Each structure stands twice: as structure tokens, then as C-alpha cells.
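These notes are about the structure you will find just below.
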Amino acid sequence: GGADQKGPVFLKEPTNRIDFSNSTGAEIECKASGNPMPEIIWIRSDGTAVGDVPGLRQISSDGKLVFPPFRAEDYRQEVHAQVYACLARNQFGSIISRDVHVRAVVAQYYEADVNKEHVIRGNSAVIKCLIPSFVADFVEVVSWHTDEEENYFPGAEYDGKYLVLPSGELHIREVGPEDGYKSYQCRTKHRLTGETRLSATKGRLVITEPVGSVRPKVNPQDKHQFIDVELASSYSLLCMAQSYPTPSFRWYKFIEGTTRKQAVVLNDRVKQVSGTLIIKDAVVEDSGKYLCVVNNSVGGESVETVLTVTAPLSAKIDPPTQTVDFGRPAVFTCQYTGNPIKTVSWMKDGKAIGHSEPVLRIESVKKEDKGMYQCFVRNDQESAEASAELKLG
Amino acid sequence: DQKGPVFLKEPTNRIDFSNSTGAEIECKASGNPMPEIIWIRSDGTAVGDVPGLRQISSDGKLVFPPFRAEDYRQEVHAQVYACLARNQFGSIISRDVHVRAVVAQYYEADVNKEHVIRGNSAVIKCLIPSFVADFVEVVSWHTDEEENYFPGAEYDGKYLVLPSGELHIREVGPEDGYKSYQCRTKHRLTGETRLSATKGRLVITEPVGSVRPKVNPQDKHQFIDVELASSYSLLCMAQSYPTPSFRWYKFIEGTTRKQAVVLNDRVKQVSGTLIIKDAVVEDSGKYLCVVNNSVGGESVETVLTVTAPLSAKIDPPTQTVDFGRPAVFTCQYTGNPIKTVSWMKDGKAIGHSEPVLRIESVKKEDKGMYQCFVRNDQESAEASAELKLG
Ligand SMILES: *[C@@H]1O[C@H](CO)[C@@H](O[C@@H]2O[C@H](CO)[C@@H](O[C@@H]3O[C@H](CO)[C@@H](O)[C@H](O[C@H]4O[C@H](CO)[C@@H](O)[C@H](O)[C@@H]4O)[C@@H]3O)[C@H](O)[C@H]2NC(C)=O)[C@H](O)[C@H]1NC(C)=O
Ligand SMILES: *[C@@H]1O[C@H](CO)[C@@H](O[C@@H]2O[C@H](CO)[C@@H](O[C@@H]3O[C@H](CO)[C@@H](O)[C@H](O[C@H]4O[C@H](CO)[C@@H](O)[C@H](O)[C@@H]4O)[C@@H]3O)[C@H](O)[C@H]2NC(C)=O)[C@H](O)[C@H]1NC(C)=O
Ligand SMILES: *[C@@H]1O[C@H](CO)[C@@H](O[C@@H]2O[C@H](CO)[C@@H](O[C@@H]3O[C@H](CO)[C@@H](O)[C@H](O[C@H]4O[C@H](CO)[C@@H](O)[C@H](O)[C@@H]4O)[C@@H]3O)[C@H](O)[C@H]2NC(C)=O)[C@H](O)[C@H]1NC(C)=O
Ligand SMILES: *[C@@H]1O[C@H](CO)[C@@H](O[C@@H]2O[C@H](CO)[C@@H](O[C@@H]3O[C@H](CO[C@H]4O[C@H](CO)[C@@H](O)[C@H](O)[C@@H]4O)[C@@H](O)[C@H](O)[C@@H]3O)[C@H](O)[C@H]2NC(C)=O)[C@H](O)[C@H]1NC(C)=O
């Protein structure tokens, strides 16, 4: 061989996740350059080569791993709920792609629902579109509809009263008896198929008119929130509480690892609506534990929220290529981004090596040490990898 | 023997009553000379008579007579009072007395539809309004097939009212989706019981192939509080087909290690729910419920807090110390959780948060009555001690 040979590099790396209906099917693609041109092989989670399954899984020699449309009775967890990867190899070495979370979704009929929202006069209301759990991963709230033929969409507040939150709930401030004169139903959309649907049931506000004074009460299921949202996405933090007189809402952010907290700063990006905090754009800096203190003249209450700002994982190794003499040490530094990072690991020609350090070190180079070196970074949801070639001389 | 004031009878942390009933809180202290009883507000100022709403009597009782809804005054009817005993040797203040007069008015509970997959267990909830939630609890459940489930034993090995007041139903089938469900709730200030206006119904879902256990985001983390010696239950809300298994564990405090929960006479497991007969202090901790079927798995974790009454005692009850020498007071307490432990001297804040109060070098001024206050967000307790000079 000699030189001029280059280790494989992914021209097009498969996606981290491909969700698709059984009625659509899917295809994931892998392309790798290099000299000589490398061989593309699809492998399962356990490292073995994937076999063709007639009608369900077919290897197309274009590099594509195809999952044809199929009927519900032909659903195979081995095929359709699996993590795949692309192995690329030539005489110089071999690399493995990031995890490819393949998830086929059998289409199912479903009905969203809306229940009666009980609220004290003057307090803000939050109407939830109840989506069945077995479609919650694909069904989102597009808009809300009223029997008065009124429609509300995500964007800006209507008449300074009605606001569709980013999280899909319909926020209504200063509720009075007259607001209970209409019923609310949500319009949901399946992101795979693309169809829209009105909830099978309507929801109305049940206004109470308390006499005397009542303290801020939060439902036990609302005292602790756990929210997830990715970069550059709009989101909202609920602080649902009821009282009379109407309560005030103050947000804080804990210092990591301590009980000490600091007041949340309001601005162009971070605005507050009653007790709901609205952020136009999420930065990883936003992550942490929040506190929402609610107050009226009789008592107080609070809501804790753990916010996690996920970010796409990326990685590259320094240097991309290095030639070191025999006996001399070889160094690989893995640089990565995204959030969170739970595990770092290394690979060499498809074989797990080293440990969880960001800097891989070879003390004394041998001829067997040459080839491709990879660095994988991972969290619960996705992964990313980077390659680097080591030559001798 | 001349001694400072000590509380003989102390009002309870919480005193709820209807505007039709009224209330009469009492405070009694011992000492020689006889200490005078004085009702005060948080800022230390004495509470004054409000005609027909708040009247102090010679017996030391603070009376709240029955009143009209239009006569409700927040400053009087939703206030934290305190009893102050005092004589020449010094004064002591009682634990916080949170008075709350409640205007009786109509409320109504509701029961929504529960969507459940065939074969799985269902839990029907009696939705109680917020403005009465502190006074209204589930008494029983009712069906349109003339069935009345009460808190106690399981019915036909299928229906069971949980200590939370929810109706638990194991292995639901289309047969269970024919009947309706109503809850009876009692208001503990009026003694009235009421049927819910709405009737809950089970919508059984037929399984479209296999499905992995899914848990709703609001069910992924549970935070339950329960009083010591009282009954309670821990939910594990997961839906899957075929029906999943449930395994409970308790984490070793502050570790990732966990060990299976021992089921026994006291701790029973009904499907996914963990029923406990009576709570013990050791139950407090972080639990984990693991759910599994052929398709996949899921997990729910619960933080359980066994609340217990706060009590305090100062060691020693009395001490005589010479000038120049130190005086030490040790606040020893029980109950859970303890959020703070502060001190007072003669009804005045002193020192900071610490179980031990130290006077480095006693002077004439340092003589008097010393107190320490333990309290959490729910309740408070106090203890007193006296410092004499030598
Ligand atoms: C809105 O309502 C909230 C209640 O949810 C209220 O915040 C609460 O304030 C109180 C008092 O500031 C906090 O309780 C304190 O917490 C600190 C830190 O733990 C303690 O050190 C304090 O100890 C005091 O108590 C001793 C007597 O037991 C005193 O002698 C001593 O000097 C201290 O004063 C005290 O326990 C409470 O923790 C917060 N609540 C939360 C959730 O943080 C807020 O002030 C209200 N705001 C408005 C505008 O209404
Ligand atoms: C403690 O406070 C309570 C709460 O206010 C108080 O009981 C209520 O007093 C009112 C007096 O204003 C009672 O009478 C009401 O008066 C109107 C006429 O002014 C009646 O028409 C009312 O009847 C209504 O209620 C029916 C359902 O219950 C409706 O279907 C009907 O259409 C009427 O609108 C009502 O009788 C009122 O009944 C009581 N309510 C309760 C729950 O007790 C009480 O007197 C105070 N305690 C004292 C002063 O010791
Ligand atoms: C019954 O169900 C429980 C609950 O799910 C199940 O316990 C779980 O097992 C899974 C593995 O099947 C554990 O998840 C892994 O944990 C390791 C650390 O121990 C992680 O490193 C793993 O991360 C990988 O997976 C991700 C995709 O989810 C990838 O994106 C990532 O890059 C890694 O490759 C993985 O998260 C889980 O921790 C436990 N949980 C508990 C509470 O035990 C149990 O195995 C089931 N029982 C049976 C008999 O099947
Ligand atoms: C992906 O999986 C999806 C879910 O299984 C598939 O969609 C489903 O497709 C079936 C058809 O295979 C639809 O069935 C409906 O059945 C009713 C009643 O069937 C009647 O017809 C026969 C003969 O006509 C009659 O003898 C019987 O007694 C019944 O009376 C029909 O009226 C409907 O038109 C429809 O055919 C499901 O409704 C449908 N579910 C969905 C879309 O959610 C999908 O086909 C799969 N994709 C692929 C590519 O196979």
C-alpha cells in the first residue's frame, strides 16, 4: 500500500434518531470516503453485522439501510426498536458511526381530552390538552378552539388575557364568571403523519367565588417540576397556584449545590406572565434548579423546578492526523460540546480501548498501534463521535 | 420556692373552626409569683378587643364568637397569635397559634374519566377544590350498581380505597367500564357529607399489539408526606401491555445503592401500589419502583417524608451561675423535619440558629427566662429555662 492511503472519513453520517410510521417506512444512509474507498457495513447494537429481513429490513448497496412500510402484525422489536451503527473500513483502519436510534411507530387511533379547570375568581387559569401517553412522543398542541368559534395560536397574547404557552397549555389571566361561558378544546397534530385533530371533549372553567381568605395552594403533583428543552427553543415554567386574594409570583434560581438562591432577572428574553415564566430562547446557561415563591396576604407556598437545557452532542479530535516515530508517545485530545455529557469513551479500529478520559495517551508506539482512533461522547438520548488517524515512521 | 414562668397548657399549632361555631383558645402557666397571661401578635404587641369578633376574657381565654360572612376580618380571623406568660423573673412566649376561621359555603368535588389499558390497574381520583382541600377528605366511593367502598379491606380482591382517598382497581376489564364512580367527601368543620356532582367512568383501551410501560411526566417523580403512625400508600403509575410487573426498592441514604422493600404484616403491595398500615420514622427516604414487561421497562422514584410532632426541652430546666462564669443551654428536640432552632430571652430574640446557647460571661443583665424554638413550615414548639445569679 504505502502512503497516499487515508483512513475512512464519514462523508455523510447517519442521523442520531429516525422515527417513522409503519405506513411510511424509512431509510438511513451512510457514506464514507478514503483511499482506498472504504467498505460500508451496517451493524447492530451488539456490534454484529445486520442481516436482511424480507419486507422489514433490506441492505441497499448504495450504503442505505432500508426499512420498508409494513403492517402492524409484522412489527419486530429486533428490527424496528433498535440502535444501529455504520462501520466503515479499509486496509488502513476502521471507524464506527454514532448510534442510530431507529424507531418504527405503528399508527394508532387516539383522542385528546380536556377536563374542567377549577379556578378561584381573579386567579390565572391553565387549561391542559390531555394527550394519551402512547402517542405523547409524537402529538403536540398546535392551537386551541372555543365553541364560540375563537382560535388561539402560539405567538403573542390575545387581548392581554389569552396566551398559548410554548408547552402547549392555554394560559388565561384574571378569570371571572363570564369566562366560564365558553368551552375549550385543543387542536393537536401528529408530527409523523402530519394530520390534525380536535379533542373529543371540551373543557370549561369552573369559577369559585370564595368568601373569607384562602392561602396559596399548589397541587402535590405540581410542587416539583422537571422540564426538558433544547437549544434555541422557546419554553415556559409553570407555577400553578390558587388563592384569594390573588397571589403574586417571584422566581429565583438556586446556586448549584447550595440552598442559597438568586432572583431571576427579567428582560427581553426572559419575561413573566402572572406566575408563568416565558423564555424566548434557551441557552445551556439556563439549566439549574428554580424556585417560584407564590404570595398572598394570608400565607405563602413554593414550586421547585429542575430545568435541563439539552444541546446537540458534537466532537472532534486534536490532531486529525499525526505521524509519530517508534518509541515516541502518541496523544489524542477529544474536544466535545453539547449537553449533558454522561460518558466519554474511546475506540480503535472498532475495538473499545482506554477509559473515560478526554485525552488518550499511547506511551510507546508500536506498528500495531497504527490505524483509526475514535472518541465517543454520549448522554441518555444521543451520541457523537470523532476520528483521527495514527501513522508511523 | 420562687421560680420563673413555665407553660402548663399551651394552645395547639393549628386551630380551625367555622364562622358558625367560633372558637375559645386557652393558655395556662405556672410560676411563683403567679404569672400573668397576655395574648400577643407576631411583632410582640398585645392583641386588642374587636367587638363581637375577638374578645379577651379574665380566664386568659382568647374568644372568637360566631360571626357573619360579611363580618370576616383577615387581621382577626386568619392570624398567628401567641401566648405570653410573665412575672418579675421574666417572660416566656408560647408556640405559634395559627388561628383560622372558615366561612362555611357550598363546594363540590368532581371525578373525571380514567383511560386505562385492558388488564392494567386503574386509580380513580376524587378532585377536591383548592379552597376547601384542607378541610375535605374522601369518606367513601359509590357506584351505580349499588356498591359502597370504604377505607379498610379489599373488596372481592379488586376494589380498594387507598389512605389517600383514591379508589384503586386492579386488572380492569370492559366489565369495569360499565359502572360509574362517585366519591363521598366530608368537611371536618361542618360534619356534612356530599356526593360528587360528576360520575367517573373507566374507558378501557384494547391493546394494539404490545406496548412498553409508559409513565406520565408528572408521575415520574413523587414527593409524599405522611404523619407518623398514620396509614399511607405509594403509587407507581405505569401503563403497558402485556400487564407489567412492579418491584420496589429503597435507596441507601445518599447513595445509588438500593435494596428491595420487605413486604410484610405492615407493608403490603397491591399490584404496583405499596400500601403501608402505619408509618414509622425509618420509612423516610428515597424509593424506586421498577416496571417491566416483554417490550421494555420504566422507573418511578419517590421521596417519602414521615412528618412527626415537634417537641423541645432545655437542659437544664434551671441553673445558678456566678459572675464571670459561662451559662449553657442545650435545646434537645424530636419530630421531623426540623427546619430551624432559634432562641429567645424574656420574649426577645437572642443568639442565632443553634441547639446550644452559650453565655460566655454571666452578668446581672443575663438573668431571666430563656427559650428555644424549634419549627418547620407546618408547626412549632418551644421550651423554657431560667438563669439565676450567684
Ligand atoms: C412569600 O411567602 C414565602 C413563604 O413560602 C416567604 O418566604 C419565606 O420566608 C420565611 C421568612 O423569611 C422563611 O423562613 C425562614 O427561613 C430561613 C432560612 O431557612 C430561616 O433562617 C428563618 O429562621 C427564622 O425563624 C426564627 C424563628 O423560628 C427567627 O427567630 C429567626 O430570626 C429567623 O427569622 C426562617 O425560618 C421561609 O423559608 C421562606 N419560604 C421559602 C419557600 O423560602 C416570603 O417571604 C413571602 N413573600 C411575600 C412578599 O409575601
Ligand atoms: C357563617 O357564614 C355562613 C356563610 O355565609 C352563613 O350561612 C349562609 O348565610 C346566608 C345568609 O346571607 C344564608 O342564606 C342565604 O340567603 C339568600 C337570601 O339572601 C338565600 O336565597 C340563599 O339560598 C340560596 O342557596 C340555595 C342553595 O343552598 C340556592 O339554590 C338558592 O337559589 C339560594 O340562592 C341562602 O339561604 C345561607 O343559606 C347560609 N349558607 C350556609 C352554607 O350556611 C352563616 O349564617 C354564618 N354563621 C353565623 C352567622 O352564625
Ligand atoms: C426493567 O426495567 C428497568 C427500567 O428501565 C431496567 O433497568 C434499567 O436498565 C437499563 C438498561 O436496559 C439502564 O439503562 C442503561 O444504564 C447504563 C448505566 O447503568 C447507561 O450507561 C445506559 O446508557 C445507554 O443507553 C442509552 C439509551 O437509553 C444510550 O443513548 C447511551 O449512549 C448508552 O448506550 C443505559 O441508560 C437503566 O439505568 C436501568 N434503570 C434502572 C432503574 O434499573 C431493567 O433492566 C429492566 N429489567 C429487565 C429484566 O429487563
Ligand atoms: C400500519 O399500521 C396501521 C395500524 O394497523 C395500518 O392502518 C390500519 O389499517 C387497517 C387495515 O389493514 C385499518 O382497518 C380498518 O378496518 C375497518 C373495518 O374493517 C372492515 O373491512 C373488512 C373487509 O372490508 C370487513 O370484512 C370487516 O368486517 C370490517 O368491517 C375499515 O372500515 C377501515 O376502512 C379500515 O380498513 C385501520 O383502521 C388502520 N388504522 C389506522 C390507519 O390507524 C396501516 O395500514 C399500516 N401500514 C401499512 C403500510 O401496512
Side-chain angles (χ1 to χ4, degrees), chain A residues 20-25 55-56 67-75 80 104-110 135 190 192-193 195 197 209-212 215-218 223 239 241 243 245 247-250 252 254 259-261 263 291-304, chain B residues 17-22 42 52-53 64-72 77 80 82 93 95-96 101-108 132 187 189-190 192 194 208-209 310 312 331 337-345 347-354 371-382:
Chain A
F20 61 98
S21 177
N22 70 290
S23 299
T24 302
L56 299 186
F67 303 92
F70 60 98
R71 59 189 177 101
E73 301 81 71
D74 291 337
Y75 179 93
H80 290 118
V105 189
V106 179
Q108 294 178 5
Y109 296 109
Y110 72 97
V135 284
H190 201 306
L192 299 181
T193 66
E195 66 168 302
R197 218 124 204 288
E209 197 126 28
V211 50
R215 311 170 195 163
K217 306 304 180 186
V218 56
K223 272 193 74 68
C239 185
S243 70
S248 70
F249 296 90
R250 311 180 195 274
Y252 301 81
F254 293 99
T259 60
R260 298 183 296 93
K261 75 219 179 197
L291 188 71
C292 172
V293 183
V294 58
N295 288 99
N296 83 331
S297 53
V298 182
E301 183 64 66
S302 59
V303 173
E304 269 187 26
Chain B
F17 59 102
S18 61
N19 69 287
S20 304
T21 303
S42 301
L53 303 176
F64 299 90
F67 59 95
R68 301 188 293 93
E70 299 76 24
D71 294 326
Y72 175 95
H77 289 141
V80 184
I93 301 174
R95 59 185 163 184
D96 303 326
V102 187
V103 178
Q105 63 176 132
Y106 176 93
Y107 79 92
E108 73 188 5
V132 302
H187 198 291
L189 300 178
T190 71
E192 291 180 320
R194 298 172 179 216
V208 192
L310 302 183
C331 196
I338 278 63
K339 183 192 161 189
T340 57
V341 179
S342 61
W343 288 85
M344 284 184 116
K345 184 190 185 300
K348 299 278 190 285
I350 194 171
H352 52 279
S353 187
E354 51 186 359
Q371 279 184 292
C372 77
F373 279 77
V374 310
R375 36 185 148 201
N376 51 45
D377 304 332
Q378 269 292 91
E379 59 183 275
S380 64
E382 61 78 25

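Throughout, a chain's letter reflects where its sequence line sits, starting with A, and its residues are numbered from 1. Whatever order the structure lists ligands and atoms in, that order sets their numbers, starting from 1. Scope of the values below: all heavy atoms of this structure, side chains included, with no hydrogens, waters or symmetry mates.
- A distance-only check finds no donor-acceptor pair linking the side chain of A:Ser243 to the backbone of A:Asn296 [under 3.5 Å].
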I'd like a table of the close N/O pairs between ligand 4 and the protein (anything under 3.5 Å), one pair per line with both atom names and the distance.
from     : atom 1 : to       : atom 2 : distance (Å)
ligand 4 : 2 (O)  : A:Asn22  : OD1    : 3.1
ligand 4 : 2 (O)  : A:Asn22  : ND2    : 2.4
ligand 4 : 38 (O) : A:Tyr109 : OH     : 2.7
ligand 4 : 47 (N) : A:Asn22  : ND2    : 2.8
ligand 4 : 47 (N) : A:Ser23  : OG     : 3.0
ligand 4 : 50 (O) : A:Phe70  : O      : 3.3

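- Here is the list of ligand 2 atoms found below 4.0 Å of a heavy atom in B:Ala104: 3 (C), 4 (C), 42 (C).
- With B:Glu382 contributing its side chain and B:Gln371 its backbone, the two residues share no donor-acceptor pair below 3.5 Å.
- Using modelled atom types and a 3.5 Å distance limit, the side chains of B:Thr21 and B:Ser18 yield a donor-acceptor pair.
- With ligand atoms numbered from 1 in the order given, ligand 2 contributes 5 (O) to contacts under 4.0 Å with heavy atoms of B:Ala69.
- When non-hydrogen atoms are compared, ligand 2 lies under 4.0 Å from the backbone of B:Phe67 (N, CA, C, O) but not from its side chain.
- In this structure, the side chain of A:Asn22 does not engage the main chain of A:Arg71 through any donor-acceptor pair within 3.5 Å.
- Taking the side chain as every heavy atom from C-beta outward, B:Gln378 and B:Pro337 never approach each other to under 4.5 Å.
- Counting heavy atoms from C-beta outward, A:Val218 and A:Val294 have side chains that stay 4.5 Å or more apart.
- For ligand 1, the 4.0 Å heavy-atom shell contains residues A:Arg250, A:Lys261, A:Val293, A:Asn295, A:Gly300, A:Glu301, A:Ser302, B:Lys339, B:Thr340, B:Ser342, B:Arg375.
- The contact set between ligand 2 and B:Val103, taken as ligand atoms under 4.0 Å from a residue heavy atom, comprises 2 (O), 4 (C).
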